[PDB]
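Listed next as structure tokens is one chain, alone, in the form deposited in one PDB entry.
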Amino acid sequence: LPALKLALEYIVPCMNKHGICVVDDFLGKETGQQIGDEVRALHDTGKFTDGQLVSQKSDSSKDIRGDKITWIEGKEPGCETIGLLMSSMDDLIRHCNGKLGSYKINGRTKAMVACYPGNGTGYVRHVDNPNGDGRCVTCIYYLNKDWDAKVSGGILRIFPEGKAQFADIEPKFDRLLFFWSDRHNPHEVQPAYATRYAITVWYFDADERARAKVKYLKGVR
């Protein structure tokens, strides 16, 4: 499906109505599996961190660590299909220009690849950008073949602002997710009991990012 059609007929109206949008079968099986192979190779070759320190025990060998990350630019050897994913995300956002709220996206982060190792850790409730740092859209791509949350957990639970309900999103293979990064969307990752991979990119709003430079100072003489 052409990126522009997906953007105009789905992403734009969904984001303006719900602020949370799911695209299944984004890249297709072949490409999705190649991305999975690249992420697994990063893991198997030691490129991820050891994981977020969750619980400190008196014996440090018993410390519990959770999500593991690595930052990816997309041109690294062994990462070019991740790069292709990022370019595909960028093309979608570009086709949405000037239609996602009143935001004007002019840049993004590198990709944050995350691995929940399957040891019952998740991620606490949080907002991605609560303090005006420039990030307006979160884009996540999931890689987990035959993920079944009733068995393996790892649901992303989002709590759209001022709603008596939440939205549970399974981290399914070849699924792409968009949501507003600010306080519209507090969210959490429920405990994961199998290896769970995702790739996140954040897109910046031009105005917010420009004035974030002021708030968070950059020196000339």
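When you see a residue number, it is the position in the sequence shown, counting from 1.
According to the record, 1 to 3 deposited residues between residue 217 and residue 218 are left without atomic coordinates. As listed in the deposited structure, the average C-alpha B-factor of 161-169 and of 184-192 is greater for 161-169. The mean C-alpha temperature factor is higher for 94-102 when 140-148 and 94-102 are set side by side. Ranking 117, 122, 77, 107 by the C-alpha B-factor listed in the PDB entry places 77 at the top. Highest CA B-factor among the listed residues (50, 30, 174, 38): 30. Per the deposited record, the Cα B-factor of residue 208 falls in the lowest third when ranked against the other modelled residues of its chain. Residue-level temperature factors show residue 66 in the lowest third of its chain, judged at the C-alpha atom. The deposited CA B-factor of residue 156 belongs to the lowest third of values across its chain.
One more form of this protein, deposited with a partner chain bound, exists but is not displayed; see below.
In the bound PDB entry, its partner chain stays beyond 4.5 Å of every heavy atom belonging to residue 80.
Proximity of residue 203 to its partner chain in the bound PDB entry: non-hydrogen atoms within 4.5 Å are present.
Within 4.5 Å of any heavy atom of its partner chain in the bound PDB entry lies no heavy atom of residue 140. Heavy atoms of residue 73 reach within 4.5 Å of its partner chain in the bound PDB entry, making it an interface residue.
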